[PDB]
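Trainee: Below is a structure I'd like to ask you about.
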Amino acid sequence: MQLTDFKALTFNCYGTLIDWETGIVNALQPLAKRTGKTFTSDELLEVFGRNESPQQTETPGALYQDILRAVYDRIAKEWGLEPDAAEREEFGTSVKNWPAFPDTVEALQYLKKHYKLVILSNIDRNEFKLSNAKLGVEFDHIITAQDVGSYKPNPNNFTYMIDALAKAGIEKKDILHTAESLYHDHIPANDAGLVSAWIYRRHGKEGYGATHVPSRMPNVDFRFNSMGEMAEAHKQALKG
Ligand SMILES: [Mg+2]
């Protein structure tokens, strides 16, 4: 089993390529100010993480800004605050400000020389374009929650991706699903019969951050602590 066995990398975006945690912590500051309390980053992220996937189940066909607006409402409710419409809009439209991790662009531009690069993301098509402009590559295929009609970890999101790649001549054995989220990505990738690369962005941190808690530890085939480390690994694997 090695990195060079695969023709395509399929990616989570938010949490693996885009640093959604910095974005979410930043975007929650006005609402948090209204509570009178100073939250830690992990507290802000974890209340997001207890709420985002439930919301995606609640409104599976919602565009991502509508998910985020409704997550704002859920967090306000946990905090005893009435939603403020303008504050909710500022939070819900914040993806435009969520930055790439500092290694992401360089790693993607390298890996784009060697793999078809594919997005399988909890996002809608137009919102993703804003993040794609921060990622520095053309993706060969982009599969969004909007395309599927549901959000990961729904198995249909994985089936849709696998089928789309098969039509482009990429067999399932050719795919390496590359992501941080045990819950959203690696558990359903196991169930879908995919090979997995775990990018453990939070390797030096507590808990799961913005990501929902996983029900079990899935089986992963590679672990790298960053995208740059996956790229460095490939540079050596390619010499084999
Ligand atoms: Mg509700």
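Order determines the names: the first chain of the structure tokens is A, the second B, and so forth; residues in each chain are numbered 1 upward, and ligands are numbered 1 upward as they are shown.
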Quick one: residues within 8 Å of residue 158 of chain A, only C-alpha atoms counted, chain neighbours fewer than 6 positions away excluded, as a list in words?
Mentor: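 Returned residues: residues 120, 152, 188, 189 and 192 of chain A.
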Trainee: At a cut-off of 10 Å and counting only C-alpha atoms and all ligand atoms, what residues surround ligand 1? Please answer as a ChimeraX atom specification.
Mentor: /A:54-55,58-59,70-71,73-74
Trainee: Produce a file of the selected residues containing N, CA, C and O atoms, as a PDB file, in the first residue's frame.
Mentor:
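So selection-v7.pdb came out as:
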ATOM      1  N   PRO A  54     -25.977  18.049  13.111  1.00  0.00           N
ATOM      2  CA  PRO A  54     -27.434  18.047  13.318  1.00  0.00           C
ATOM      3  C   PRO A  54     -28.168  18.985  12.384  1.00  0.00           C
ATOM      4  O   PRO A  54     -29.226  18.622  11.849  1.00  0.00           O
ATOM      5  N   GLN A  55     -27.652  20.190  12.170  1.00  0.00           N
ATOM      6  CA  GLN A  55     -28.310  21.117  11.256  1.00  0.00           C
ATOM      7  C   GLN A  55     -28.323  20.592   9.824  1.00  0.00           C
ATOM      8  O   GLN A  55     -29.310  20.766   9.091  1.00  0.00           O
ATOM      9  N   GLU A  58     -31.044  18.258   9.611  1.00  0.00           N
ATOM     10  CA  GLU A  58     -32.309  18.975   9.690  1.00  0.00           C
ATOM     11  C   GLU A  58     -32.711  19.577   8.356  1.00  0.00           C
ATOM     12  O   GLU A  58     -33.908  19.571   8.005  1.00  0.00           O
ATOM     13  N   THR A  59     -31.757  20.152   7.625  1.00  0.00           N
ATOM     14  CA  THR A  59     -32.024  20.809   6.356  1.00  0.00           C
ATOM     15  C   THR A  59     -30.992  20.323   5.342  1.00  0.00           C
ATOM     16  O   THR A  59     -30.049  21.053   4.980  1.00  0.00           O
ATOM     17  N   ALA A  70     -28.325  28.956  10.412  1.00  0.00           N
ATOM     18  CA  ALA A  70     -29.062  28.136  11.371  1.00  0.00           C
ATOM     19  C   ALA A  70     -28.166  27.637  12.501  1.00  0.00           C
ATOM     20  O   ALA A  70     -28.638  27.464  13.635  1.00  0.00           O
ATOM     21  N   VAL A  71     -26.878  27.418  12.234  1.00  0.00           N
ATOM     22  CA  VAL A  71     -25.951  27.081  13.312  1.00  0.00           C
ATOM     23  C   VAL A  71     -25.761  28.271  14.243  1.00  0.00           C
ATOM     24  O   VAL A  71     -25.723  28.112  15.468  1.00  0.00           O
ATOM     25  N   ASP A  73     -28.055  30.397  14.886  1.00  0.00           N
ATOM     26  CA  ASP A  73     -29.249  30.383  15.731  1.00  0.00           C
ATOM     27  C   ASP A  73     -29.132  29.328  16.837  1.00  0.00           C
ATOM     28  O   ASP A  73     -29.521  29.562  17.994  1.00  0.00           O
ATOM     29  N   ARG A  74     -28.612  28.145  16.500  1.00  0.00           N
ATOM     30  CA  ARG A  74     -28.446  27.102  17.514  1.00  0.00           C
ATOM     31  C   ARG A  74     -27.495  27.539  18.624  1.00  0.00           C
ATOM     32  O   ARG A  74     -27.729  27.273  19.807  1.00  0.00           O
TER      33      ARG A  74
END
Trainee: Counting only C-alpha atoms, which residue out of A:69, A:239, A:114, A:201 sits closest to residue 86 of chain A?
Mentor: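 Ranking A:69, A:239, A:114, A:201 by distance to residue 86 of chain A, first place goes to A:69.
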Trainee: DSSP says strand (DSSP E or B) for which residues of segment 94-150 of chain A? Put them as a ChimeraX atom specification?
Mentor: /A:100,116-121,141-144
Trainee: Okay, now the selection with C-alpha atoms, as a short mmCIF file (atom, residue, chain, number, x, y, z; two decimals), in the first residue's frame?
Mentor:
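The resulting file, again01.cif, is reproduced below:
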data_model
loop_
_atom_site.label_atom_id
_atom_site.label_comp_id
_atom_site.auth_asym_id
_atom_site.auth_seq_id
_atom_site.Cartn_x
_atom_site.Cartn_y
_atom_site.Cartn_z
CA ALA A 100 -6.20 28.26 3.79
CA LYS A 116 -6.29 14.15 -10.29
CA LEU A 117 -7.51 16.36 -7.44
CA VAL A 118 -11.14 16.08 -6.42
CA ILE A 119 -13.29 17.91 -3.88
CA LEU A 120 -16.00 16.11 -1.92
CA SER A 121 -17.23 18.90 0.33
CA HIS A 141 -13.85 17.26 -10.20
CA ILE A 142 -15.89 19.06 -7.55
CA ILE A 143 -18.70 17.23 -5.73
CA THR A 144 -20.64 19.38 -3.28
#
Trainee: So, counting only C-alpha atoms, which residue among A:174, A:52, A:180, A:19 is closest to residue 67 of chain A?
Mentor: A:52
Trainee: Which one of A:104, A:57, A:51, A:94 sits closest to residue 77 of chain A if you count only C-alpha atoms?
Mentor: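 Nearest to residue 77 of chain A: A:51.
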Trainee: Neighbouring residues of segment 129-140 of chain A were defined as those with any atom within 12 Å, considering only C-alpha atoms; residues of the same chain fewer than 2 positions away were excluded. Please report them as a PyMOL selection string.
Mentor: chain A and resi 7-11+13-14+16-20+23+93-113+115-121+123-127+142-144+164-165+168+170
Trainee: When DSSP is applied to the backbone of this structure, which of segment 37-221 of chain A are assigned helix (DSSP H, G or I)? Write them out as a ChimeraX atom specification.
Mentor: /A:41-49,52-58,64-78,85-92,94-97,104-111,125-132,145-148,155-167,172-174,182-191
Trainee: Name the residues in contact with residue 3 of chain A at a cut-off of 8 Å, using only C-alpha atoms, excluding same-chain residues fewer than 3 positions from it; report them as a PyMOL selection string.
Mentor: chain A and resi 6+234+237
Trainee: Counting only C-alpha atoms, which residue out of A:22, A:190, A:146, A:4 sits closest to residue 128 of chain A?
Mentor: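 Looking at the shortest contact to residue 128 of chain A, the residue is A:146.
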